[PDB]
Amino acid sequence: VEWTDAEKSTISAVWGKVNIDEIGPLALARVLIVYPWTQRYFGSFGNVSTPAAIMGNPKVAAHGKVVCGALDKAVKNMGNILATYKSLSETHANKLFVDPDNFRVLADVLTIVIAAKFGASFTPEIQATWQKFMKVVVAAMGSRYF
């Protein structure tokens, strides 16, 4: 899609107040806890036995940061996310066989987590373009799913 310059600054500005070392882990940990069937994709992660065990897991934390790193280049490249996300889509499709419904579940959880952090400065209009961006991301993830 066409990105307006005001769309794009809004996004860089929101992502700008975002710290991956803190958001990353919050969102991946919240996902494995609220939609527990996603735990099965991550075999080597450790003690995911309790929420507390999920919440304080360092392999979980590491991956949460890896995940926010990929989103970082989307923000940086809003015009080539499809280009940019082709083998990511291929590993998830063909290597890990991730049901693509889970990309959607992750995007919604990152949003609740950012919401919780920004409070009332996370407005309907910011939400509205954060959403546009989140579904452009989600689409790029399910692009090599055939």
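A residue's number is simply how far along the shown sequence it sits, counting from 1.
Greater mean Cα temperature factor according to the PDB record, 59-67 or 46-54 = Per the deposited B-factors, the answer is 46-54.
request  = Using only the Cα atoms and their B-factors as the entry lists them, report which of 83-91 and 110-118 averages higher.
outcome  = The stretch with the larger mean CA B-factor is 83-91.
Chain-relative CA temperature factor third for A13 = Highest third of the chain for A13's C-alpha B-factor.
inquiry  = Ranking every modelled residue in this chain by its Cα temperature factor as given in the entry, which third contains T129?
reply    = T129: CA B-factor falls in the lowest third of its chain.
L26, C-alpha B-factor rank within chain (lowest, middle or highest third) = Within its chain, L26 is a middle-third residue by C-alpha B-factor, going by the deposited values.
request  = Quick one: classify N77 as lowest, middle or highest third of the chain based on its Cα B-factor.
outcome  = Its C-alpha B-factor belongs to the highest third of this chain's values.
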